[PDB]
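Participant: Handing you a structure now.
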Amino acid sequence: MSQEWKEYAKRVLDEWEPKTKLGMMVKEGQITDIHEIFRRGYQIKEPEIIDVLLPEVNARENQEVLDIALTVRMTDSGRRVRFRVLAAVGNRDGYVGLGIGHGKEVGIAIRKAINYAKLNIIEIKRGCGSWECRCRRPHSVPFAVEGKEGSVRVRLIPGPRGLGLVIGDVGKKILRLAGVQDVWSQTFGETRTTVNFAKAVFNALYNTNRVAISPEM
Amino acid sequence: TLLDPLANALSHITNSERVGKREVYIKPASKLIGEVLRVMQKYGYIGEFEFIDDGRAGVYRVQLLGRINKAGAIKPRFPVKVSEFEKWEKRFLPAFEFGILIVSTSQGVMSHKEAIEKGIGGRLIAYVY
Amino acid sequence: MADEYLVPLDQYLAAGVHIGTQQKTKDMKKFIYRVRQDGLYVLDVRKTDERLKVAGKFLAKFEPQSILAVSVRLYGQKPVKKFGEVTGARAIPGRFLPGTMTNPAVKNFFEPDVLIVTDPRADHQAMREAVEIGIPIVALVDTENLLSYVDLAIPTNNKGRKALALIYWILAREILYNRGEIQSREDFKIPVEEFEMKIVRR
Amino acid sequence: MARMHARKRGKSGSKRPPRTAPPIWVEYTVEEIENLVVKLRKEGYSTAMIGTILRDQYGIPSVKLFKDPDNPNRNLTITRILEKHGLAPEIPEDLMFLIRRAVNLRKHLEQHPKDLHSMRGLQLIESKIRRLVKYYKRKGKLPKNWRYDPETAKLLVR
Amino acid sequence: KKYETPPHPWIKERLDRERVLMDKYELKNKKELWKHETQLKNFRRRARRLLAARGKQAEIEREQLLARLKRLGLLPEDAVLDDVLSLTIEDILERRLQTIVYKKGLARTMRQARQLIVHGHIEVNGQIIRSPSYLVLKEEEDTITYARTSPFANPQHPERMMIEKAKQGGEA
RNA sequence: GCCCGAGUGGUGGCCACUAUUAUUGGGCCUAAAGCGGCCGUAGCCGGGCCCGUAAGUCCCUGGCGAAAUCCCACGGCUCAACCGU
RNA sequence: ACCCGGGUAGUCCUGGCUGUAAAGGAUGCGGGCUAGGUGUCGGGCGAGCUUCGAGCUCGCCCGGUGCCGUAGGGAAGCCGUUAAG
């Protein structure tokens, strides 16, 4: 797909008007490095900042919706139903944002969520090293980590090459969107609650970088 | 009373760590802890310590770099063969890299990795990673 | 930083900067000079000279003008207003008009580079949004006020007008020294009185 | 530090001098110290109070530090000064004071029996004795043939 | 035994893979697919467990499992127990008799091939065979042919015509 | 139309799922669940420092835990199951 | 029956038995570690005041008894140096 890449980013860069200083420097082409937004902890306030980094072509921002829920609030002579939805933005290339959103209509929420998710993007650091030898690519996570969300306890474990994403489907969707090829998954405590389990996996893949190791040194 | 004085050292040391104080004070002190901090320093996990032996007790003031994540004693302190090491390897430690499952041994005291290079084993004492 | 001469030592001491009120807490204990025989705490006057210097530096640095001095105090809003006139940026509200930082749909929307708070206890909202945006935070802190989230300090009195005057004055001087217009070693072109407040009609 | 035993209340934090060798601005010979001790045990005072009066009057905080080394097998201190002379009670003072007190209780209860609380400390003091007995047997200040009882407490005191 | 079926058999993502695979290699039943998955699983499982253990344990165990994979041909000239785990259910399926018959150009297409070996229209070594599973070694590839056959005893069997119109081998 | 395929399904039993038996790897304010409180016997568990033994403990050697089944190789039966080395 | 007017056992004392509770803080006990603030009770200490008595107050410390709250835990309420960390 090649050059059509920047063309979506530049088409967004036709009418995108920066609210922030962050949205401005990105819209100027400065610090053209998502990673160089993360390290610094500069606030992802604009959705488009990201649309600037992820073109049509290379990483392929895999937008995906997990669960759509229908909830109610009882009101005077009324039930006011709405919808909550969980969406996953991610590149197989080692970024991910988990989003949930709530709305009266369905379509909107999808949209809301898709946006919500952008803000909460995260690097997952993968295992260069692997498990055994750093033969080529980061197949796994570096270290086993666990997630914590309400009742849910997810362990990610390093792995053999080819032994790929051995988790429940819900997480399996999120992980694939991360870019972990291979990972043992040890769950504990009710997953039925999708939103959390997901929040678990996300938190988990989040905590990757939060681990402080020796090879960093 | 106390028992496992080591452990009550270690556990401070970690809860100490998790806060992110600067240095530690451990009121009860010993060989076990002394030796273990020695081996710990040898791997590098910690900075420098001084113990002052008061007529009461040894006390260790320990310097905290930031390295340590988690370092804990073993409860019944199980005996572990050098073949069973790998099992106890996968369980307690976070991955193949770290290797201070500190055991006590015929040679002296060692980490896990310093134990394996010699080739000798025994009852577990504590962990560090 | 530099030794306490006069202007510096006669100025703080003549202005009631020293006189702090009730409560001490464990973190603040370091700036606290002495105990009176009553619960009224006295702040170290050296530390105020020291922590005002680096505060000319720290705010001469962020030279673009989106420094925001807010105040919940009735006393303080006048020194602040005058302070902002000199410098070149200020957010005025009695509150923060929350969504100053976090929201850009708000018709009053700024994007600061630094903040000055007057009372960490009243301006907690301005702090609340100072943790999210990612803004470093310099202030005036009392024997009663913590330093949680408060990363750089200027331990001074803020409960009274003379003081509330002196500080936003000497500071307006210091940052103009560093950036290079009027010095903190020359006597300031603006008088202290405007920053000083008075009640004729309410 | 504490032990809330038959209590919830944290124990006193009284703490020793961290001196490990003794003051020399204070001055006594191995011979002079020994006299002071023997004089006080002759009064009817007991070793804790003997160490107390020596502290308050002669300015020696603990005997061990001052004395040893003069036969460095171990620290030389009050009752180890006494035993070499034969002035030591064959019952350890610990165990003695305990039992001593105990016999006084019983007499109260004798006349007054409607006493919960007073009854309940009889139970609380015996059971410290029991322990203090139990281990001594094995250490050897009290023969293994002994066993504790309230008639064998009224015989040791008289 | 000699099969596997994952915890949940009707799952869509598992089933999709197969049906696409099912036409691709032209299996007769799913069991066949399974054979190779389950065979693949064992090599992986063992390769992995060996690499893991203390390096002093008679290395013969490793050698042995690298020897067979070389001989069979899945592994070419790579030296790590980690490449083994880098196989997939497609690679095994490339190694079959059926696949290898179409490849060389002994058959027009894999569906045709299913006919040939059954009626004994493919010889291997000196033997005929009936089982299209048959694991074909690398050394064994060079010895597939005709001799006492309906495809090649003459030059006017239409069979020869059917194979010639295509002339395309490759992954099945 | 989907699955599987000479099988496929029903009832029953066992194991998994069930960290719903917790060693690995569970809880116990209000969800089940703290004894109304204490004492101490049996038990388990134990501050520091030096020396002996080496009972546990680790290391090495040596006697030995039949064949079969299992796992790996090679070889045999068209293939594999199965068998042989 | 709630409401009202009479009324026995009991309620009190002595000796004995009986042994139950939303017998709660619905939170077993012991040790170590882990921001703080404030009020309060008792003990210590350095001062000022004094009626010359710690009588009135300031602060550090030790033991106890409440409330508020950081990090963390919790399903949430809440808990949070008197832990449910």
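Naming scheme: A, B, ... for chains in displayed order of the structure tokens; residues 1 onward per chain; ligands 1 onward as shown.
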Find the nearest atom pair between each residue of chain E and chain B for residues within 9 Å, count only C-alpha atoms, give distances in Å to one decimal, sort rows by chain and ascending number, and present the table as CSV.
Facilitator:
residue,atom,partner,partner_atom,distance
E:52,CA,B:86,CA,8.7
E:53,CA,B:86,CA,7.2
E:54,CA,B:86,CA,7.8
Participant: Output as a Markdown table one row per residue of chain A within 8 Å of chain E: the closest atom pair and its distance in Å to one decimal place, counting only C-alpha atoms, sorted by chain and residue number ascending.
Facilitator:
| residue | atom | partner | partner_atom | distance |
| --- | --- | --- | --- | --- |
| A:132 | CA | E:52 | CA | 7.9 |
| A:160 | CA | E:85 | CA | 7.0 |
| A:161 | CA | E:85 | CA | 5.6 |
| A:162 | CA | E:86 | CA | 5.3 |
| A:163 | CA | E:85 | CA | 7.2 |
Participant: For range 100-113 of chain B, list every protein, DNA or RNA residue within 6 Å, evaluated using only C-alpha atoms (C1' of nucleotides), and leave out those in the same chain fewer than 5 positions away; present the list as a PDB file with C-alpha atoms, in the first residue's frame.
Facilitator:
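Saved to around.pdb:
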ATOM      1  CA  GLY B 121      22.489 -28.042  46.819  1.00  0.00           C
ATOM      2  CA  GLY B 122      20.243 -28.326  49.875  1.00  0.00           C
ATOM      3  CA  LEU B 124      16.183 -23.492  50.679  1.00  0.00           C
ATOM      4  CA  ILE B 125      16.756 -20.278  52.769  1.00  0.00           C
ATOM      5  CA  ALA B 126      15.341 -17.280  50.861  1.00  0.00           C
ATOM      6  CA  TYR B 127      14.860 -15.537  47.476  1.00  0.00           C
ATOM      7  CA  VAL B 128      15.802 -12.255  45.784  1.00  0.00           C
TER       8      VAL B 128
END
Participant: Should the cut-off be 10 Å, what would the residue list for chain F against chain D look like, counting only C-alpha atoms (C1' of nucleotides), as an MDAnalysis selection string?
Facilitator: chainID F and resid 38:40
Participant: Could those selected residues go to a file with N, CA, C and O atoms (P, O5', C5', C4', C3', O3' and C1' of nucleotides), as a PDB file, in the first residue's frame?
Facilitator:
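Contents of the output file out-v1.pdb:
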ATOM      1  P     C F  38      -8.474 -13.859  74.953  1.00  0.00           P
ATOM      2  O5'   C F  38      -8.242 -14.692  76.292  1.00  0.00           O
ATOM      3  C5'   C F  38      -7.061 -14.510  77.102  1.00  0.00           C
ATOM      4  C4'   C F  38      -7.118 -15.397  78.326  1.00  0.00           C
ATOM      5  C3'   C F  38      -5.987 -16.404  78.464  1.00  0.00           C
ATOM      6  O3'   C F  38      -4.945 -15.824  79.228  1.00  0.00           O
ATOM      7  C1'   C F  38      -8.100 -17.389  79.014  1.00  0.00           C
ATOM      8  P     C F  39      -3.429 -16.153  78.891  1.00  0.00           P
ATOM      9  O5'   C F  39      -3.271 -17.661  79.386  1.00  0.00           O
ATOM     10  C5'   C F  39      -2.721 -17.947  80.680  1.00  0.00           C
ATOM     11  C4'   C F  39      -3.095 -19.340  81.112  1.00  0.00           C
ATOM     12  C3'   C F  39      -2.224 -20.472  80.601  1.00  0.00           C
ATOM     13  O3'   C F  39      -1.038 -20.567  81.363  1.00  0.00           O
ATOM     14  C1'   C F  39      -4.492 -21.105  80.510  1.00  0.00           C
ATOM     15  P     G F  40       0.333 -20.083  80.733  1.00  0.00           P
ATOM     16  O5'   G F  40       1.043 -21.448  80.316  1.00  0.00           O
ATOM     17  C5'   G F  40       1.418 -22.441  81.290  1.00  0.00           C
ATOM     18  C4'   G F  40       0.681 -23.728  81.029  1.00  0.00           C
ATOM     19  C3'   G F  40       1.248 -24.603  79.924  1.00  0.00           C
ATOM     20  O3'   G F  40       2.312 -25.414  80.408  1.00  0.00           O
ATOM     21  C1'   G F  40      -1.092 -24.366  79.640  1.00  0.00           C
TER      22        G F  40
END
Participant: Could you go through range 58-186 of chain C and tell me which residues DSSP, when run on the backbone, assigns to helix (DSSP H, G or I), listing them as a ChimeraX atom specification?
Facilitator: /C:58-61,77-87,124-133,161-179
Participant: At a cut-off of 12 Å, list the chain G residues touching chain A, using only C-alpha atoms (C1' of nucleotides), as number ranges by chain.
Facilitator: G: 73-76
Participant: May I have the residues from that selection written out with C-alpha atoms (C1' of nucleotides), as a PDB file, in the first residue's frame?
Facilitator:
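That gives us result32.pdb:
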ATOM      1  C1'   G G  73      -6.220  -3.741  50.069  1.00  0.00           C
ATOM      2  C1'   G G  74     -11.457  -4.497  49.259  1.00  0.00           C
ATOM      3  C1'   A G  75     -16.845  -6.328  45.472  1.00  0.00           C
ATOM      4  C1'   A G  76     -18.356  -2.176  47.334  1.00  0.00           C
TER       5        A G  76
END
Participant: Quick one: everything within 9 Å of residue 9 in chain A, counting only C-alpha atoms (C1' of nucleotides), minus sequence neighbours fewer than 3 positions away in the same chain. Send it as a short mmCIF file (atom, residue, chain, number, x, y, z; two decimals) with N, CA, C and O atoms, in the first residue's frame.
Facilitator:
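Output contents, as saved in selection-v5.cif:
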data_model
loop_
_atom_site.label_atom_id
_atom_site.label_comp_id
_atom_site.auth_asym_id
_atom_site.auth_seq_id
_atom_site.Cartn_x
_atom_site.Cartn_y
_atom_site.Cartn_z
N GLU A 4 0.16 5.88 -0.01
CA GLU A 4 -1.24 6.15 0.46
C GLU A 4 -1.38 6.26 2.01
O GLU A 4 -2.34 6.84 2.55
N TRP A 5 -0.43 5.63 2.68
CA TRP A 5 -0.09 5.80 4.10
C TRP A 5 -0.21 7.21 4.70
O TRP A 5 -1.15 7.49 5.46
N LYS A 6 0.66 8.10 4.27
CA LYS A 6 0.83 9.44 4.79
C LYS A 6 -0.38 10.22 4.32
O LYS A 6 -0.83 11.12 5.01
N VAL A 12 -6.01 13.89 7.07
CA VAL A 12 -6.32 14.33 8.43
C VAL A 12 -5.59 15.66 8.70
O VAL A 12 -6.19 16.58 9.26
N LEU A 13 -4.33 15.78 8.27
CA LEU A 13 -3.57 17.04 8.37
C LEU A 13 -4.05 18.19 7.45
O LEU A 13 -3.52 19.29 7.56
N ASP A 14 -5.05 17.97 6.58
CA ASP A 14 -5.73 19.09 5.88
C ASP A 14 -6.60 19.96 6.82
O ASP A 14 -6.32 21.16 6.97
N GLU A 48 -6.17 12.60 17.18
CA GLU A 48 -5.65 12.61 15.84
C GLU A 48 -4.16 12.49 15.87
O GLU A 48 -3.59 11.86 15.01
N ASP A 51 -3.75 9.08 14.76
CA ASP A 51 -4.07 8.95 13.34
C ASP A 51 -2.92 9.50 12.52
O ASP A 51 -2.72 9.07 11.39
N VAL A 52 -2.16 10.44 13.10
CA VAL A 52 -0.94 10.95 12.48
C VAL A 52 0.12 9.87 12.38
O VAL A 52 0.74 9.72 11.32
N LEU A 53 0.37 9.14 13.47
CA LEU A 53 1.33 8.03 13.40
C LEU A 53 0.89 6.80 12.54
O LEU A 53 1.73 6.30 11.79
N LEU A 54 -0.36 6.33 12.66
CA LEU A 54 -0.79 5.06 12.01
C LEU A 54 -1.47 5.18 10.66
O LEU A 54 -2.70 5.33 10.61
N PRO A 55 -0.69 5.07 9.57
CA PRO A 55 -1.29 5.20 8.25
C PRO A 55 -2.14 3.99 7.83
O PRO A 55 -2.36 3.06 8.63
N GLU A 56 -2.64 4.02 6.59
CA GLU A 56 -3.30 2.88 5.96
C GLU A 56 -2.38 1.65 5.86
O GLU A 56 -2.81 0.53 6.13
#
Participant: Using CA of residue 95 in chain D and CA of residue 15 in chain D as the two end points, give the distance in Å to one decimal.
Facilitator: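 The value is 23.7 Å.
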Participant: Just give me the gap between CA of residue 58 in chain E and CA of residue 46 in chain E in Å, one decimal is fine.
Facilitator: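 Distance reported for this atom pair: 14.5 Å.
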Participant: With a cut-off of 8 Å, could you pull out the residues of chain E touching chain F and give me the nearest pair of atoms for each, distance in Å to one decimal, using only C-alpha atoms (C1' of nucleotides), ordered by chain and ascending number, as a tab-separated table?
Facilitator:
residue	atom	partner	partner_atom	distance
E:10	CA	F:3	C1'	7.6
E:29	CA	F:5	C1'	7.8
E:61	CA	F:72	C1'	6.7
E:64	CA	F:73	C1'	6.1
E:65	CA	F:72	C1'	7.5
E:127	CA	F:78	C1'	6.1
E:128	CA	F:78	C1'	6.3
E:129	CA	F:78	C1'	5.6
E:130	CA	F:79	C1'	7.4
E:131	CA	F:79	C1'	6.2
E:134	CA	F:79	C1'	7.0
Participant: Write the residues of the selection above to a file with C-alpha atoms, as a tab-separated table (two decimals), in the first residue's frame.
Facilitator:
chain	number	residue	atom	x	y	z
E	10	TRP	CA	-17.36	-26.10	17.30
E	29	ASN	CA	-11.51	-36.51	6.66
E	61	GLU	CA	18.41	-36.76	23.42
E	64	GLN	CA	18.32	-37.57	18.16
E	65	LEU	CA	15.28	-35.26	17.76
E	127	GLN	CA	7.17	-51.13	-3.21
E	128	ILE	CA	3.78	-49.84	-4.08
E	129	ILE	CA	1.75	-48.12	-1.31
E	130	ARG	CA	-1.94	-47.67	-0.30
E	131	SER	CA	-1.70	-44.98	2.43
E	134	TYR	CA	2.89	-41.86	4.03
Participant: Mind pulling up the distance from CA of residue 30 in chain E to CA of residue 3 in chain E?
Facilitator: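 These two atoms are separated by 10.2 Å.
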Participant: Could you work out which residues of chain F fall inside 12 Å of chain A? Count only C-alpha atoms (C1' of nucleotides), and format the result as a count of residues only.
Facilitator: 4
Participant: Using only C-alpha atoms and a distance of at most 12 Å, pull out the residues of chain C that contact chain A, as a list in words.
Facilitator: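 Here they are: residues 66, 100, 101, 102, 103, 104, 105, 106, 109, 110, 111, 112, 113, 129, 130, 131, 132, 133, 134 and 135 of chain C.
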Participant: Keeping C-alpha atoms, export the residues of the selection given above as a short mmCIF file (atom, residue, chain, number, x, y, z; two decimals), in the first residue's frame.
Facilitator:
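This is the output file out.cif:
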data_model
loop_
_atom_site.label_atom_id
_atom_site.label_comp_id
_atom_site.auth_asym_id
_atom_site.auth_seq_id
_atom_site.Cartn_x
_atom_site.Cartn_y
_atom_site.Cartn_z
CA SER C 66 1.33 30.77 30.00
CA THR C 100 -9.08 25.24 32.15
CA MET C 101 -6.52 22.50 31.44
CA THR C 102 -8.48 19.24 30.90
CA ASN C 103 -11.11 20.63 28.54
CA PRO C 104 -10.65 22.74 25.29
CA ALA C 105 -14.45 23.01 24.55
CA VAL C 106 -14.55 25.59 27.40
CA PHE C 109 -9.33 27.55 27.70
CA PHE C 110 -5.57 28.10 28.30
CA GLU C 111 -2.70 25.73 28.07
CA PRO C 112 -0.19 26.77 30.74
CA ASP C 113 3.59 26.03 31.16
CA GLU C 129 -5.71 19.13 37.15
CA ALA C 130 -1.91 19.84 37.57
CA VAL C 131 -1.33 16.03 38.07
CA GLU C 132 -3.13 14.95 34.87
CA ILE C 133 -1.80 17.57 32.26
CA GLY C 134 1.78 17.04 33.34
CA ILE C 135 2.64 20.41 34.78
#
Participant: Would you kindly return, as a list in words, each protein, DNA or RNA residue with an atom no farther than 12 Å from any atom of residue 94 in chain C, considering only C-alpha atoms (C1' of nucleotides) and excluding same-chain residues fewer than 5 positions away?
Facilitator: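 The residues that qualify are residues 69, 70, 71, 72, 73, 74, 75, 76, 77, 78, 80, 81, 122, 123, 125 and 126 of chain C.
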Participant: For the residues selected in the previous step, produce a file with N, CA and C atoms as a compact mmCIF listing (two decimals), in the first residue's frame.
Facilitator:
# COMPACT_ATOMS: atom_id res chain seq x y z
N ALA C 69 -1.21 32.26 37.61
CA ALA C 69 -1.35 32.49 39.02
C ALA C 69 -2.85 32.58 39.27
N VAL C 70 -3.39 31.55 39.92
CA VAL C 70 -4.81 31.53 40.40
C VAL C 70 -4.87 31.79 41.93
N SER C 71 -6.05 32.13 42.48
CA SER C 71 -6.21 32.21 43.94
C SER C 71 -7.66 32.03 44.33
N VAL C 72 -7.86 31.28 45.40
CA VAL C 72 -9.15 31.16 46.01
C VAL C 72 -9.27 32.24 47.08
N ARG C 73 -8.15 32.82 47.53
CA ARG C 73 -8.19 33.88 48.57
C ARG C 73 -8.64 35.29 48.12
N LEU C 74 -9.33 36.02 49.02
CA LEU C 74 -9.94 37.36 48.74
C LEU C 74 -8.88 38.43 48.83
N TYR C 75 -8.03 38.24 49.83
CA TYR C 75 -6.77 38.94 50.01
C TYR C 75 -5.86 38.78 48.80
N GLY C 76 -5.60 37.53 48.44
CA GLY C 76 -4.56 37.16 47.48
C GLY C 76 -4.84 37.52 46.03
N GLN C 77 -6.12 37.51 45.64
CA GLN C 77 -6.52 37.84 44.26
C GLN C 77 -6.05 39.21 43.76
N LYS C 78 -5.84 40.18 44.66
CA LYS C 78 -5.30 41.48 44.27
C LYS C 78 -3.79 41.43 44.01
N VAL C 80 -2.14 38.95 43.14
CA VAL C 80 -2.05 38.03 41.99
C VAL C 80 -2.34 38.78 40.67
N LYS C 81 -3.40 39.58 40.69
CA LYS C 81 -3.85 40.32 39.51
C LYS C 81 -2.75 41.28 39.07
N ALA C 122 -6.80 25.60 49.61
CA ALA C 122 -7.93 26.15 48.86
C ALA C 122 -7.89 25.81 47.35
N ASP C 123 -6.69 25.87 46.75
CA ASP C 123 -6.53 25.68 45.29
C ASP C 123 -6.25 24.23 44.83
N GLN C 125 -8.10 22.11 43.54
CA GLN C 125 -8.63 21.84 42.22
C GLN C 125 -7.53 22.09 41.18
N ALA C 126 -6.77 23.18 41.36
CA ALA C 126 -5.75 23.62 40.38
C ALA C 126 -4.60 22.65 40.36
Participant: Hey, list the chain B side of the contact with chain F: 12 Å cut-off, only C-alpha atoms (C1' of nucleotides), answer as an NGL selection string.
Facilitator: :B and (1-6 or 8 or 27-34 or 53-59 or 75-83 or 87-88 or 90-92 or 103-108 or 115 or 118-124)
Participant: Just need the residues of chain C within 9 Å of chain G, counting only C-alpha atoms (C1' of nucleotides), so spit them out as a list in words.
Facilitator: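 Per the criterion, chain C yields residues 23, 24, 25, 26, 27, 35, 36, 37, 38, 39 and 148 of chain C.
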Participant: Quick one: write out the picked residues with N, CA and C atoms as an mmCIF file, in the first residue's frame?
Facilitator:
data_model
loop_
_atom_site.group_PDB
_atom_site.id
_atom_site.type_symbol
_atom_site.label_atom_id
_atom_site.label_comp_id
_atom_site.auth_asym_id
_atom_site.auth_seq_id
_atom_site.Cartn_x
_atom_site.Cartn_y
_atom_site.Cartn_z
ATOM 1 N N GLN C 23 -0.707 23.765 63.704
ATOM 2 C CA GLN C 23 -0.345 22.489 63.042
ATOM 3 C C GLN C 23 1.098 22.473 62.453
ATOM 4 N N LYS C 24 1.858 21.422 62.781
ATOM 5 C CA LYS C 24 2.983 20.976 61.956
ATOM 6 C C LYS C 24 2.723 19.554 61.522
ATOM 7 N N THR C 25 3.316 19.202 60.393
ATOM 8 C CA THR C 25 3.259 17.860 59.887
ATOM 9 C C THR C 25 4.680 17.460 59.568
ATOM 10 N N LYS C 26 4.902 16.157 59.443
ATOM 11 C CA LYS C 26 6.268 15.608 59.291
ATOM 12 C C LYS C 26 7.168 16.058 58.099
ATOM 13 N N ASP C 27 6.579 16.334 56.932
ATOM 14 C CA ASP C 27 7.333 16.698 55.701
ATOM 15 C C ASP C 27 7.799 18.176 55.747
ATOM 16 N N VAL C 35 9.703 27.124 67.291
ATOM 17 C CA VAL C 35 8.501 27.035 68.098
ATOM 18 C C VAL C 35 8.431 28.301 68.991
ATOM 19 N N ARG C 36 7.285 28.986 68.973
ATOM 20 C CA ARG C 36 6.923 29.966 70.017
ATOM 21 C C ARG C 36 6.205 29.273 71.150
ATOM 22 N N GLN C 37 5.922 29.976 72.257
ATOM 23 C CA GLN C 37 5.348 29.253 73.444
ATOM 24 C C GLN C 37 3.788 29.216 73.457
ATOM 25 N N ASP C 38 3.236 28.961 72.267
ATOM 26 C CA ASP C 38 1.820 29.182 71.940
ATOM 27 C C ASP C 38 1.208 28.310 70.778
ATOM 28 N N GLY C 39 2.014 27.499 70.075
ATOM 29 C CA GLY C 39 1.596 26.850 68.817
ATOM 30 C C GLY C 39 1.816 27.636 67.518
ATOM 31 N N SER C 148 2.596 17.081 49.145
ATOM 32 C CA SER C 148 2.105 15.981 48.276
ATOM 33 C C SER C 148 1.683 16.520 46.918
#
Participant: Please find the residues of chain A near chain B - the criterion being any atom within 9 Å, counting only C-alpha atoms - and write them as number ranges by chain.
Facilitator: A: 131-132, 142-145, 158, 211-215, 217
Participant: Any chance you can output those residues with N, CA and C atoms as an mmCIF file, in the first residue's frame?
Facilitator:
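And here is the file that came out, out18.cif:
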data_model
loop_
_atom_site.group_PDB
_atom_site.id
_atom_site.type_symbol
_atom_site.label_atom_id
_atom_site.label_comp_id
_atom_site.auth_asym_id
_atom_site.auth_seq_id
_atom_site.Cartn_x
_atom_site.Cartn_y
_atom_site.Cartn_z
ATOM 1 N N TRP A 131 12.154 -16.460 25.107
ATOM 2 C CA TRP A 131 12.523 -17.403 26.140
ATOM 3 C C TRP A 131 13.518 -18.389 25.463
ATOM 4 N N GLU A 132 14.612 -18.721 26.180
ATOM 5 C CA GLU A 132 15.892 -19.285 25.654
ATOM 6 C C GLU A 132 16.868 -18.270 25.000
ATOM 7 N N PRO A 142 8.853 -9.947 27.949
ATOM 8 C CA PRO A 142 10.101 -10.377 28.578
ATOM 9 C C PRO A 142 9.813 -11.231 29.785
ATOM 10 N N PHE A 143 9.042 -10.675 30.724
ATOM 11 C CA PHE A 143 8.836 -11.347 31.982
ATOM 12 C C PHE A 143 7.385 -11.610 32.226
ATOM 13 N N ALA A 144 7.152 -12.669 33.005
ATOM 14 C CA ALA A 144 5.827 -13.014 33.462
ATOM 15 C C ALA A 144 5.296 -11.893 34.355
ATOM 16 N N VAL A 145 4.034 -11.539 34.139
ATOM 17 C CA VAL A 145 3.414 -10.385 34.758
ATOM 18 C C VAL A 145 2.041 -10.853 35.117
ATOM 19 N N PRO A 158 6.284 -16.012 29.635
ATOM 20 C CA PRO A 158 7.118 -16.208 28.433
ATOM 21 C C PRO A 158 6.927 -17.588 27.845
ATOM 22 N N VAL A 211 7.735 -3.028 34.793
ATOM 23 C CA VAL A 211 8.713 -3.938 35.391
ATOM 24 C C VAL A 211 10.091 -3.307 35.198
ATOM 25 N N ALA A 212 10.884 -3.248 36.275
ATOM 26 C CA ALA A 212 12.287 -2.789 36.216
ATOM 27 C C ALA A 212 13.257 -3.953 36.344
ATOM 28 N N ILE A 213 14.033 -4.184 35.286
ATOM 29 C CA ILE A 213 14.835 -5.421 35.096
ATOM 30 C C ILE A 213 16.363 -5.089 35.097
ATOM 31 N N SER A 214 17.198 -6.141 35.111
ATOM 32 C CA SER A 214 18.677 -6.074 34.941
ATOM 33 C C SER A 214 19.290 -5.759 33.554
ATOM 34 N N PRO A 215 18.955 -6.503 32.457
ATOM 35 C CA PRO A 215 19.362 -6.037 31.102
ATOM 36 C C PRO A 215 19.194 -4.510 30.784
ATOM 37 N N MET A 217 19.456 -2.176 33.505
ATOM 38 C CA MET A 217 20.719 -2.107 34.243
ATOM 39 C C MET A 217 21.057 -0.693 34.706
#
Participant: Near range 7-15 of chain C, counting only C-alpha atoms (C1' of nucleotides), which residues have an atom at most 8 Å away, once you skip same-chain residues fewer than 5 positions from it, shown as a list in words?
Facilitator: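 Near range 7-15 of chain C, the qualifying residues are residues 45, 46, 48, 49, 162, 163 and 166 of chain C.
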Participant: Neighbouring residues of residue 152 in chain E were defined as those with any atom within 12 Å, considering only C-alpha atoms (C1' of nucleotides); residues of the same chain fewer than 5 positions away were excluded. Please report them as a VMD selection string.
Facilitator: chain E and resid 106 120 to 123 145 to 147 157 to 161 163
